[PDB]
Amino acid sequence: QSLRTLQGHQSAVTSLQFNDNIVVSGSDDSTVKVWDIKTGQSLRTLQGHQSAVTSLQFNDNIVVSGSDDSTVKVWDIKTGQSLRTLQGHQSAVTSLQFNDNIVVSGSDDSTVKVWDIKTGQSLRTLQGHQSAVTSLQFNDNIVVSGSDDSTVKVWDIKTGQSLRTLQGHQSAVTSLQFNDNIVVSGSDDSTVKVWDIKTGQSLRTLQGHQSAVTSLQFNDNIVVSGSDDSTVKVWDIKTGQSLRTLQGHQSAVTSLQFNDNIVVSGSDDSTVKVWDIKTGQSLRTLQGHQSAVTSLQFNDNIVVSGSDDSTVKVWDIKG
């Protein structure tokens, strides 16, 4: 059942995150909105970007947002005030991640930038990709970036040096995750690849989707991938074998998340589906959005979805 509909953005929701009773959403209308999940009402609107918001992350103190206007902005989540604009990228910011030390952003300009979050200054520019950076993740030592140039690169965050270049996809990398010595990447070439970060070599290629891979998540046992072919697939990460194809969506799967009980997927067909991961069967379809679902997050018995219809919805996972 739909619990709340968060109305107020004037164009498509591109990105969202939620934590306890706060939802933060980014939109093509160039704003970020902060919402109270209890009453489904807007708390404040973060105004200042000059084009679409593509990406965001927030914590207890701040929101960090990336835009088509080529900036990253740091905001105070409680006052709504813009604190710092990180200027430097020459084209749209597509992805970002931050912690207490650094902001890391990827851009259509083919670079990844590392910014000192405390001083608000650029620390280094990671140069080497030949086309747009689409996706990134970092930890302690390492940034991992995926690109329209069909490669994944692994970088030394402290020196800016390229450590590994993961070559093998035949088209753009759309999505990636890494954990310990494993990178998993999804591509427009319709495959997922599993890579060894130690040697920068591919471990196996997960073949089976009939169109681009848009999204993935993995754990110790399995990879779950969503595709333009409208399916989600569950794979064994060690054998590379397809285990289950989740069929039901009527158009491209744009987003997904899973745990030990369920897979939750969002689609261009305007629905969110909840699947029993153990039985491989659909449990329910969340109907109500009037256009494509672009983004989702779930936590315990709550799903939050963003849509091209300009709303965010909050759903009861078990009903």
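Tabulated values for the structure
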item	result
Test result for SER91, in contact with a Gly (Cβ under 8 Å, 6 or more places away or on another chain), among the small types (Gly, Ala, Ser) and within 29 Å of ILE142 (Cβ to Cβ)	no
Residues satisfying the stated conditions in region 178-209, i.e. under 15 Å from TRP235 (Cβ atoms) and in a loop (DSSP other than H, G, I, E, B)	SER190, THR191, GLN207, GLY208, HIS209
Answer from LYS193, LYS198 - the residue that is crowded, with 19+ Cβ neighbours inside 10 Å, among the charged types (D, E, K, R) and at negative phi	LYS193
Qualifying positions in region 51-61 - part of a strand (DSSP E or B) and surrounded by fewer than 19 Cβ atoms within 10 Å (Cβ to Cβ)	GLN57
Region 66-86, subset of a type in the set (S, T, N, Q), under 19 Å from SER105 (Cβ atoms) and out of contact with any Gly (no Cβ under 6 Å at 6 or more places or on another chain), residue surrounded by the fewest Cβ atoms within 10 Å (Cβ to Cβ)	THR85
Members of region 155-170 found to be over 12 Å from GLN201 (Cα atoms) and either touching a residue at least 40 places away in the same chain (Cβ under 8 Å) or of a type in the set (A, V, I, L, M, F, W, C) (or both), listed by number	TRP155, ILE157, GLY160, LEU163
Residue tally, condition touching an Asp or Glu at 6+ places or on another chain (Cβ under 7 Å) and closer than 18 Å to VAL152 by Cβ, over region 81-124	1
Residue within region 125-148 that is over 24 Å from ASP68 (Cβ atoms), surrounded by fewer than 16 Cβ atoms within 10 Å (Cβ to Cβ) and touching a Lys or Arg at 6+ places or on another chain (Cβ under 8 Å) present	yes
Unmet criterion (only one of (1) under 18 Å from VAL13 (Cβ atoms); (2) in contact with a strand residue (DSSP E or B) (Cβ under 7 Å, 6 or more places away or on another chain)) for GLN290	(2)
Qualifying positions in region 165-177 - part of a strand (DSSP E or B) and surrounded by 20 or more Cβ atoms within 10 Å (Cβ to Cβ)	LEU166, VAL173, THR174, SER175, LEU176
Filtered residues of region 32-50 (kept if under 28 Å from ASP300 (Cα atoms) and surrounded by fewer than 21 Cβ atoms within 10 Å (Cβ to Cβ))	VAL34, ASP36, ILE37, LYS38, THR39, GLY40, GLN41, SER42, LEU43, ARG44, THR45
Hey, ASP149 out of contact with any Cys (no Cβ under 9 Å at 6 or more places or on another chain) and closer than 15 Å to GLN57 by Cα or not	no
Subset of region 279-319 [among the hydroxyl-bearing types (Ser, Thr, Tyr) and at negative phi]	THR279, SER282, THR285, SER291, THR294, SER295, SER305, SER307, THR311
Pick from region 265-297, criterion assigned to a strand (DSSP E or B), touching a residue at least 40 places away in the same chain (Cβ under 8 Å) and touching a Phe, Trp or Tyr at 6+ places or on another chain (Cβ under 8 Å), ranking: surrounded by the fewest Cβ atoms within 10 Å (Cβ to Cβ)	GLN297
Selection count, region 220-242, where residues are touching a residue at least 40 places away in the same chain (Cβ under 8 Å) and in a loop (DSSP other than H, G, I, E, B)	2
Residue, farthest from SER105 (Cα to Cα), within region 21-40, restricted to residues that are in contact with a strand residue (DSSP E or B) (Cβ under 7 Å, 6 or more places away or on another chain) and among the polar types (S, T, N, Q)	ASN21
Exclusive hit being within 18 Å of the chain's Cα centre (by Cα) and among the charged types (D, E, K, R), set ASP140, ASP148	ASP148
Counted residues, region 298-319 - those being closer than 22 Å to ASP29 by Cβ and not in a strand (DSSP E or B)	4
Check on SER95, more than 14 Å from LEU16 (Cβ to Cβ), surrounded by 19 or more Cβ atoms within 10 Å (Cβ to Cβ) and out of contact with any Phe, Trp or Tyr (no Cβ under 9 Å at 6 or more places or on another chain)	yes
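Readers should treat all values here as calculations from the given coordinates under stated rules, not as data from a laboratory. Because the Cβ atoms are built from the backbone with ideal geometry, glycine has one as well, and the counts that use them run over all protein chains shown.
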